[PDB]
4 protein chains.
Amino acid sequence: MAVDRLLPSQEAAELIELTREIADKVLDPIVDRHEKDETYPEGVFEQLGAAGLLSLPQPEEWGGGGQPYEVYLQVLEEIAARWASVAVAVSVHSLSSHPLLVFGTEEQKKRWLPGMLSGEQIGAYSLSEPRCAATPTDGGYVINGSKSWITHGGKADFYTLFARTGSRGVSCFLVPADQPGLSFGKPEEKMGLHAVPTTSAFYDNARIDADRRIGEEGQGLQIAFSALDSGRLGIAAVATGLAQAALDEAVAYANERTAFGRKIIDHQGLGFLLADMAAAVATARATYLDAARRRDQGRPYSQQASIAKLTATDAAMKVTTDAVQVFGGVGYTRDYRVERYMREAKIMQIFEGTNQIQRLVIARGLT
Amino acid sequence: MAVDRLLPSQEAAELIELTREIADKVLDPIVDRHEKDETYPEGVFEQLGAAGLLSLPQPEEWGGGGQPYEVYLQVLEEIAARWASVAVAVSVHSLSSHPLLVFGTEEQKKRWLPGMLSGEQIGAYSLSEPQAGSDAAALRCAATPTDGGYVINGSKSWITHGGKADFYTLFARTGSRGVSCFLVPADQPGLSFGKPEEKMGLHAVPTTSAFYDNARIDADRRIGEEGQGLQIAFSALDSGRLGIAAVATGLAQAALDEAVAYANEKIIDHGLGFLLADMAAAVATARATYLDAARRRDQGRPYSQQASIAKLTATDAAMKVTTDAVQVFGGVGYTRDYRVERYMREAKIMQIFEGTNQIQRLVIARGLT
Amino acid sequence: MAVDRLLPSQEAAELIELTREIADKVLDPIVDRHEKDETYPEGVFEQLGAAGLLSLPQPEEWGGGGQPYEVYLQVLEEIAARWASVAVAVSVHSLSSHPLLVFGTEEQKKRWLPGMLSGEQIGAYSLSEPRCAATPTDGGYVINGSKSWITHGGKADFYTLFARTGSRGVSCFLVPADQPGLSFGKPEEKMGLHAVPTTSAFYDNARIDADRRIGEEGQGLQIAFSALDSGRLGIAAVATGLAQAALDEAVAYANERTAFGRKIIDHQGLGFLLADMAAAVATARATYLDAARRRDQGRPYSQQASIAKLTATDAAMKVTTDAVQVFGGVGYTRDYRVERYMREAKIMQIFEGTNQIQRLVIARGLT
Amino acid sequence: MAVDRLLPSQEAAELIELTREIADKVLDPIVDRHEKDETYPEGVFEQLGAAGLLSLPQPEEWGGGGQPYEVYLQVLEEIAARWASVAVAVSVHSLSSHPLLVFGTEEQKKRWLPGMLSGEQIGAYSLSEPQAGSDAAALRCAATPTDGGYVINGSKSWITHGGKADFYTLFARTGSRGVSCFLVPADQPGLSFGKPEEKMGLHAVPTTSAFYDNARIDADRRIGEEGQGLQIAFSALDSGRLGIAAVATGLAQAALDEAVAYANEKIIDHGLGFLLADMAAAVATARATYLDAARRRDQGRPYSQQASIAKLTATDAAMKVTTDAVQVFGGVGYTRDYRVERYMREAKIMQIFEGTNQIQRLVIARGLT
Ligand SMILES: Cc1cc2nc3c(=O)[nH]c(=O)nc-3n(C[C@H](O)[C@H](O)[C@H](O)COP(=O)(O)OP(=O)(O)OC[C@H]3O[C@@H](n4cnc5c(N)ncnc54)[C@H](O)[C@@H]3O)c2cc1C
Ligand SMILES: Cc1cc2nc3c(=O)[nH]c(=O)nc-3n(C[C@H](O)[C@H](O)[C@H](O)COP(=O)(O)OP(=O)(O)OC[C@H]3O[C@@H](n4cnc5c(N)ncnc54)[C@H](O)[C@@H]3O)c2cc1C
Ligand code: NA
Ligand code: NA
């Protein structure tokens with residue numbers, strides 16, 4: 001009943017089985033309770049970290065696994081099938097370390113990367129706003145202004161920040177949890193995806209060392225643009241895992257429940273609905289792996305990653321809406337998980353670039 | 001920012017005007033808090049009933065307002081744009097009086113009908129069981145004949161207004177022509193209600209199960225002949241399916257108004273125009289479809305196919321429009337700072353009750369055979 | 001098996017039965033042959049004309065029927081179910097007379113309207129181009145330039161023309177068939193809708209009397225804008241009739257053909273496809289009548305007419321594509337009509353304002 | 001303006017390069033005229049065969065090119081972007097050699113296989129009858145046993161390359177396990193072909209019926225055991241469904257390139273951007289889906305579900321992309337001055353043959369049971 005996967009090696013299959021074993025004993029027994037109460041899973045990230053699952057695609061020299069995206073994306077997909085909000089946070093952690101790895105000095109990487117990729121820390125990514133500025137000073141910078149929609153806000157070990165210093169008018173910072181002048185608003189009240197908090201930040205004459213600026217002064221916009229494709233790939237794989245979870249529920253229910261003297265899967269009309277869901281899940285998985293396989297070969301994959309995010313998140317919204325339908329009246333109650341999965345899928349159409357903005361990007365790439 | 005309506009007279013126009021006033025004064029200011037807390041709205045059904053709004057379509061000789069469906073359904077639409085859960089309950093009340101009005105004895109009508117349509121009472125309708133929602137004929141609640149009556153033993157489920165209605169229209173087994181209809185009072189001995197279902201949305205009016213424990217009932221409470229029940233339940237389908245078509249259209253219209261206002265406060269420019277255009281087409285199309293079926297009914301013509309088409313069309317539109325309305329707001333659309341996330345949760349169950357959209361398609365195909 | 005219609009009177013029902021009787025003996029026995037050979041139905045318009053069907057909505061004082069749009073649109077729908085290209089031409093004829101009726105002088109109407117609405121003439125409408133100018137002269141105007149996509153081009157008795165004389169820089173003309181300086185290109189080779197020709201026009205120092213200018217000099221753009229809503233309503237009703245014809249074929253075929261030991265309509269999956277088609281036909285008919293009913297009461301109906309054209313033409317493309325599917329392999333051959341109906345529906349999405357341009361119009365009406 | 005392909009080696013890249021050259025030189029300059037006139041392309045299959053293009057996937061020990069499906073299918077895609085009717089015929093030729101290659105005797109293979117894969121021959125595949133397309137088991141063409149052979153009496157239909165192939169793979173009735181397979185030569189006595197079907201599109205290679213009139217055949221021509229036929233026909237389904245997925249993707253890609261060029265010559269501005277964006281997503285998604293199934297096959301793993309999904313997905317995409325490509329051109333898109341009106345007519349039959357898209361859905365649902 002588990003997905004039959006296309007994998008490059010024996011060691012990759014054994015990584016998949018390891019993820020499935022940890023997810024089923026650390027994630028599955030606690031997910032419904034924490035999402036209902038909107039409480040934080042303390043200690044869950046440490047256990048994922050110790051099994052090597054928080055630093056899979058980063059180079060081994062810096063303490064990562066050096067796994068390709070074709071393998072890493074599928075592990076992410078397996079996590080999301082058990083707990084979507086935790087999978088989103090695992091993806092955010094990968095992006096949070098990208099500036100230092102790609103643009104940091106040799107001195108900066110020896111100082112901080114081992115710690116970031118040890119499995120004991122968790123990172124957050126901070127660029128969105130509701131005009132946040134860093135002004136020069138002796139030996140560094142002073143920060144003033146506001147930030148919005150930070151995943152893991154208030155709970156992370158470190159924060160990646162973008163702040164104004166025209167074209168080359170932006171700069172990137174590695175900000176520590178203990179930063180003087182830094183505070184966080186209350187967690188947002190959302191329709192779903194409750195466990196990992198989402199918060200805004202406020203900087204009040206916050207002073208920072210020059211040694212925490214990542215890359216050259218003005219290199220900000222280039223740094224942030226360099227991480228778009230990888231983020232969209234992350235969310236494509238998360239949406240695919242939630243679509244798979246909703247499909248597994250419906251398939252199981254349609255093989256037990258009966259009406260008019262037969263199992264409901266045996267009514268041809270209902271069978272066709274289930275068939276469209278399964279085709280949409282398999283098309284979304286095929287599309288993200290095709291982009292992944294380009295990235296692993298050092299080929300351009302920018303158009304392909306926008307297509308993958310678009311395809312996968314539209315698929316999840318359609319499949320979860322249809323899984324409630326398969327259940328009937330009980331599917332509309334909290335005795336089952338399908339109502340929660342439908343609430344989680346809607347926000348995937350919106351973040352990491354809205355789907356309208358994905359269509360715009362694809363268009364500009366044909367003009 | 002108010003729907004331009006096609007109405008048969010100046011009188012109907014003022015009745016719409018009366019509805020907008022009551023809904024904006026009584027329903028709109030308390031709806032967010034009651035849906036969030038999951039509590040019952042005391043006093044609300046008493047206020048609508050005194051205005052005439054709970055008995056519009058029924059004949060005046062029995063205390064109704066005599067209105068045609070072309071007017072009744074559009075009043076229902078205006079209500080549902082403020083509070084979907086309340087309008088669903090209004091629709092159920094109409095169905096709950098239907099078996100007595102069409103099938104009862106003149107003596108039975110004289111007893112009970114005037115109190116039902118008075119504006120102070122609330123009706124509920126009870127047909128579904130756990131092993132039988134879509135498939136009606138497989139029901140099993142037992143009503144077995146006694147000296148001058150019946151004894152009822154069994155279970156029912158998914159009762160809208162369960163545990164709060166003044167009367168219940170019941171369907172129980174006496175023997176294919178084995179089913180009968182009953183008017184059950186709220187004080188019936190042996191009758192009890194389980195706890196309210198915990199749902200994804202539509203929280204205010206409760207949905208509950210029922211249990212009959214040696215519930216002896218007078219044989220004068222039976223509506224129609226013994227074994228007539230499935231014919232009674234079948235005759236109400238057309239009317240109920242139009243009710244819900246009107247409710248889904250008003251929920252879609254409410255979500256469309258939120259998104260138009262937001263896109264103007266421009267966010268429209270920064271392909272949102274085309275998304276809003278497709279939303280506006282969906283609402284207009286659903287409204288015209290339910291009205292076409294209504295005029296056929298008002299004229300005394302066949303309207304069964306057209307009523308299935310209206311319900312399917314209007315509920316598929318609410319699910320699509322509410323989902324795209326969250327999309328128009330962006331990230332704040334996904335928070336409880338606005339109403340659109342609630343509207344999306346309310347639309348899903350509409351695709352499911354009053355005959356699922358797969359049953360609707362099966363009805364339509366049969367009408368082509 | 002004929003459509004059950006909502007009609008205002010006894011006399012309207014009897015108009016419907018008259019249309020059905022004429023269409024079934026004048027149109028149905030000859031449509032497949034003329035469309036296959038791409039030849040013109042000489043004499044068909046005279047017979048429609050003599051039964052009063054070419055001037056149904058124009059006022060009785062000028063020789064029309066004074067019928068409301070709620071009745072006229074449904075007659076048009078009945079014609080289109082038998083021969084779509086002839087129905088489009090009937091609609092074009094209504095528009096061709098609109099300028100003179102609404103903006104013409106009392107002298108101009110006594111001269112020409114009775115003839116136009118007698119049933120012996122046929123009119124065409126000429127505004128599209130691939131910059132056509134009328135320059136002043138003693139006693140009138142001289143015309144130079146080109147026009148495109150004229151339905152009935154080369155075969156009409158009269159032509160409604162728009163030509164340049166900024167804001168108020170356009171003027172409208174009633175041009176006769178015998179106009180010196182006027183010629184027509186060869187008929188366009190289209191995917192379908194062959195019987196009534198579509199042509200371009202060329203004006204070569206073409207001199208015209210001032211008495212043929214309709215309305216004031218500069219009133220052109222206002223005249224042309226005043227006819228948009230009515231045209232869109234015409235095409236909505238034509239698309240609805242072609243969708244109905246494709247649905248009737250498929251329903252008939254699905255009740256005879258058998259597979260796996262049962263009539264194919266009895267396979268629930270196929271039954272659901274037929275059910276979606278029927279719902280789309282009924283939704284399109286409901287939408288155009290709702291706009292019609294506004295126009296009959298002197299209420300605004302501009303947004304509603306754009307919605308109706310959009311809804312109905314998208315419905316026809318979906319229903320005709322699905323009717324071929326119901327037929328299987330035989331549906332892809334010219335032994336049946338469903339392949340022709342699919343070719344006819346595509347051009348309805350395009351003309352009288354493309355569907356993208358309809359979406360734009362609806363958007364501007366919410367801004 | 002050329003597809004960026006993922007390929008397993010430099011050798012495969014050059015084979016793609018060879019395909020683009022032959023297709024642009026031989027197919028592209030004559031395609032519009034032959035499809036318009038409805039005539040056969042003499043010399044064309046002879047030229048592709050000498051380049052190795054008619055036997056790519058089969059083993060070298062028998063004269064094929066040994067290519068995996070991940071390469072074969074993408075060559076098929078490049079062809080179909082120039083001439084859809086020709087690429088369909090290439091796909092059929094592969095299926096026509098399949099029963100002999102997997103089920104025959106070593107002695108049977110030695111006789112006939114090398115000539116089939118030589119590049120000079122053309123194969124056809126014959127299964128469907130008028131009373132049996134979707135439902136295979138209901139076939140009725142009779143093959144009755146004689147002294148050292150069989151006698152064939154009956155009718156077959158919808159034969160691609162009917163009346164022009166060098167050999168025919170036939171399925172006829174001998175007795176559920178009542179069906180057998182036959183390799184029929186083009187010079188068989190008692191065999192005749194009806195006139196070409198008049199179709200909406202795909203005109204160049206003819207589709208015809210066949211008639212067997214006391215057609216005596218040698219018992220050494222039977223492929224596999226007596227009563228093995230339905231198992232043989234079943235085993236070819238997975239392969240044929242991928243062939244057509246590749247053909248539909250290349251037809252969609254051709255229609256996408258036309259519309260992108262036109263929108264740039266701006267027409268894009270005057271919501272065409274969003275329509276083109278959805279077209280580009282549909283093509284990319286169909287390509288990735290057929291390739292995922294191909295790599296499973298190349299690895300010797302189960303790929304049945306994934307092959308049904310690929311065919312359904314890729315043909316639904318061709319119908320949607322070709323229909324929107326006419327839309328991008330406007331009025332001139334509806335004329336025979338451009339290719340897009342032809343592409344739209346070609347896409348419709350793809351939803352129908354090699355198992356209709358309703359049968360595909362039925363296969364997928366069963367795999368979930
Ligand atoms: C909030 C709420 C309020 C309600 N209020 C009332 C009420 O007041 N009175 C009342 O009588 N009922 C009420 N109901 C019950 C409601 O009408 C049923 O839940 C619904 O109609 C479907 O029945 P089910 O839940 O048993 O689904 P099932 O019948 O178990 O169906 C499950 C799935 O199988 C499919 N299916 C079933 N049969 C077929 C078929 N023949 N062909 C193809 N597919 C099929 C369905 O479409 C569905 O997707 C209420 C329900 C809810 C959720
Ligand atoms: C151009 C062309 C070339 C062809 N070439 C070949 C060839 O080379 N070799 C060959 O063997 N065949 C060939 N065919 C035949 C082709 O495979 C069939 O036409 C097709 O698969 C469908 O069968 P049918 O036409 O009898 O449709 P039918 O089986 O009559 O089906 C009609 C409709 O009913 C539906 N239906 C049928 N069964 C079910 C079911 N169980 N559940 C739900 N719905 C169902 C179908 O989806 C379809 O919509 C060719 C056909 C064409 C058009
Ligand atoms: Na430590
Ligand atoms: Na005359």
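Residues numbered from 1 in each chain as written, not as in the entry; some residues may be left out. Chains lettered and ligands numbered in written order. Heavy atoms only, no water. Residues with missing side-chain atoms left out of burial classes, pairs and counts.

As summarised from the PDB record, the model derives from X-ray crystallography at a stated resolution of 2.350 Å.

Asker: Pulling in residues and values, what's your account of the overall build of chain A?
Answerer: Within chain A, the secondary structure is distributed over 13 helices and 10 strands. For 367 residues, the compact-globule formula gives about 21 Å, and the C-alpha radius of gyration of chain A, at 21 Å, lands near that figure. In terms of its C-alpha atoms, chain A occupies a principal-axis envelope of roughly 80 × 45 × 45 Å. (Helix = DSSP H or I, 4+ residues; strand = E, 2+ residues; numbered from the N terminus. Rg over C-alpha atoms; globule rule 2.2 N^0.38 Å.)

Asker: Summarise the coordination of the sodium ion (ligand 3); cite the residues concerned and give the values.
Answerer: Here the sodium ion (ligand 3) is held by the protein donor atoms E120 of chain A (OE) and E120 of chain A (OE), which lie 2.7 to 3.0 Å from it. Relative to the helices and strands, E120 of chain A resides in the loop between helix 7 (106–116) and strand 1 (123–126). (Donors = N, O, S within 2.8 Å, 3.2 Å for Na, K, Ca; no water.)

Asker: Just give me the short version of the site of ligand 2, but keep the residues and values in it.
Answerer: Residues in close proximity to ligand 2 total 27 residues, the closest being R257 and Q325 of chain C together with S134, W158 and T356 of chain D. Residues near ligand 2 are shared among chains A, C and D, making this a multi-chain site. Contacts to ligand 2 include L127 of chain D, whose backbone N or O atom sits 3.4 Å from an oxygen atom. Measuring from a nitrogen atom of ligand 2, one finds a backbone N or O atom of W158 of chain D at 2.8 Å. Taken by itself ligand 2 offers 990 Å² of open surface, and the protein chains cover 94% of this. Elements with a contribution of two residues or more to the shell around ligand 2: helix 11 (302–327) of chain C together with strand 3 (149–160) and helix 13 (357–366) of chain D. Here the element with the most residues in the shell around ligand 2 is helix 13 of chain D; it accounts for three residues. A breakdown of the residues in the shell around ligand 2 according to their chemical character gives 13 nonpolar, 11 polar and three charged. (Near = heavy atom within 4 Å. Polar contact = N/O pair within 3.5 Å; in protein donor to acceptor, adjacent residues only side chain to side chain. Areas by Shrake-Rupley, 256 points an atom, 1.4 Å probe, with all protein chains shown as cover. Nonpolar A, V, L, I, M, F, W, Y, C, P; charged D, E, K, R; others polar.)

Asker: For the site of ligand 1, give the residues involved together with the corresponding values.
Answerer: If you check the shell around ligand 1, you find 27 residues, and the closest are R257 and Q325 of chain A together with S134, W158 and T356 of chain B. What surrounds ligand 1 is not a single chain but chains A, B and C. A distance of 3.1 Å separates a nitrogen atom of ligand 1 from a polar atom in the side chain of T160 of chain B. Summarising the interface, the protein chains cover 94% of the accessible area of ligand 1, which totals 990 Å² for the free molecule. Elements represented by at least two residues in the shell around ligand 1 include exactly helix 11 (302–327) of chain A together with strand 3 (149–160) and helix 13 (357–366) of chain B. Of all the elements, helix 13 of chain B adds the most residues to the shell around ligand 1, at three residues.

Asker: Before we move on, could you go through the environment of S239 of chain B and cite the residues and values that matter?
Answerer: Residue and element names in this part refer to chain B. Summarising the element assignment, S239 is placed in helix 9 (residues 237–264). A relative accessible area of 8% means that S239 is categorised as buried. When residues no more than four places from it in sequence are discounted, the contact partners of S239 are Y69, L95, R297 and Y303. Within the structure, the side chain of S239 is placed 2.6 Å from the side chain of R297, a separation counted as a polar contact. (Buried < 20%, exposed > 50% of the residue type's maximum accessible area, 1.4 Å probe, protein only. Contact = heavy atoms within 4.5 Å.)

Asker: An account of the interface of chain A and chain B is needed here, citing residue identities and associated values.
Answerer: Of the residues lining the interface, 34 residues belong to chain A; the matching set on chain B comes to 37 residues. Of the roughly 3200 Å² buried between chain A and chain B, counting both surfaces, carbon and sulfur atoms make up 61%. Scanning the region where chain A abuts chain B turns up two salt bridges. Among the salt bridges present, the one from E38 of chain A reaches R336 of chain B, with a minimum N-O distance of 3.1 Å. Here chain A is connected to chain B by 21 residue pairs in polar contact. Every element with two or more residues in the side of chain A that touches chain B is listed here: helix 11, helix 12 (338–348) and helix 13 (355–364) of chain A. In terms of residue class, the side of chain A that touches chain B is made up of 12 nonpolar, 11 polar and 11 charged. (Buried area = accessible area lost by both parts, 1.4 Å probe. Salt bridge = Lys/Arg side-chain N within 4 Å of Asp/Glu carboxyl O.)

Asker: Describe the packing of aromatic side chains, listing the residues and the values that go with them.
Answerer: Think of a pair of aromatic rings as described by two things: how far the centres are apart, and how the planes are tilted against each other in angle. All names here are of chain A. Inspection of every chain in the model, using the stated rule, returns 30 aromatic pairs over all chains. With centroids separated by 5.4 Å and ring planes inclined at 70°, the aromatic side chains of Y141 and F173 adopt a geometry described as edge-to-face. Their ring planes at 35° and their centres at 5.1 Å tell us that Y159 and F184 sit as a pair that is tilted. Taken together, the aromatic side chains of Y253, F327 and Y336 make up a single cluster linked through ring pairs. The ring of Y40 carries the charged tip of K155 above its face, separated from the ring centre by 5.0 Å. (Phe/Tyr/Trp six-rings, centres within 6.5 Å; stacked < 30°, edge-to-face > 60°. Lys NZ or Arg CZ within 6 Å of the ring centre and 35° of its normal.)

Asker: Tell me about the domain arrangement of chain A, and name the residues and values.
Answerer: All names here are of chain A. Taken domain by domain, chain A comprises domain 1 (4–122), domain 2 (123–227) and domain 3 (228–367). For domain 2 and domain 3, the distance between their C-alpha centroids amounts to 32 Å. In this assembly, eight residues from domain 2 lie in contact with 10 residues from domain 3. Summed over both sides, the interface between domain 2 and domain 3 buries roughly 660 Å², with carbon and sulfur atoms accounting for 64% of that surface. A per-residue breakdown of the area domain 2 buries against domain 3 is headed by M191, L193 and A227, which together make up 70% of the total. Joining domain 2 to domain 3, the criterion identifies zero salt bridges. Taken together, the connections running from domain 2 to domain 3 amount to three residue pairs in polar contact. Within the side of domain 2 that touches domain 3, the residues separate by chemical class into five nonpolar, three polar and no charged. (Domains from an automatic or database assignment.)

Asker: Account for the domain arrangement of chain B, with residues named and values stated.
Answerer: Residue and element names in this part refer to chain B. Looking at the assigned domains, one finds that chain B contains domain 1 (4–122), domain 2 (123–236) and domain 3 (237–369). For domain 1 versus domain 3, the distance between C-alpha centres works out to 21 Å. Taken together, the contact pairs 19 residues of domain 1 with 26 residues of domain 3. Among the residues domain 1 hides against domain 3, the three largest losses belong to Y69, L73 and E77. Together they make up 31% of the total. A salt bridge links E77 to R287; the nearest nitrogen and oxygen atoms lie 3.0 Å apart. For the interface between domain 1 and domain 3, the tally reads seven residue pairs in polar contact. If you list the elements that add at least two residues to the side of domain 1 that touches domain 3, you get helix 2 (31–37), helix 4 (69–80) and helix 5 (84–96).

Asker: Please provide a residue-by-residue account of the pattern of salt bridges, values included.
Answerer: In total, this model carries 84 salt bridges over all chains according to the counting rule given. Measuring nitrogen to oxygen at the nearest pair gives 2.9 Å for the salt bridge that ties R340 of chain A to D32 of chain A. Assessed through its relative accessible area of 7%, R340 of chain A is described here as buried. By relative accessible area, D32 of chain A is classed as partly exposed at 36%. Put simply, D4 of chain C and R296 of chain B hold a salt bridge, and the shortest N to O gap is 3.9 Å. Of the two residues, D4 of chain C sits in the segment before helix 1 (10–27) while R296 of chain B sits in helix 10 (residues 272–298), which places them in two different chains. Owing to a relative accessible area of 37%, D4 of chain C belongs among the partly exposed residues under this scheme. Residue class for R296 of chain B comes out buried when judged on its relative accessible area of 6%.

Asker: I'd love a proper account of the nonpolar core, names of residues and values included.
Answerer: The biggest cluster of nonpolar side chains holds 197 residues, and the ones touching the most others in it are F45, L73 and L274 of chain C together with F45 and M350 of chain D. In terms of residues, this core owes the most to one element, helix 9 (residues 228–254) of chain C, which gives 15 residues. When neighbours within four sequence positions are excluded, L274 of chain C is seen to be in contact with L368 of chain B together with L247, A250, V251, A254, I265 and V326 of chain C. Counting residues in hydrophobic clusters, the runner-up holds 196 residues, among them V26, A259 and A316 of chain A together with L76 of chain B. (Core = buried A, V, L, I, M, F, W, Y, C linked by side-chain atoms within 4.5 Å.)

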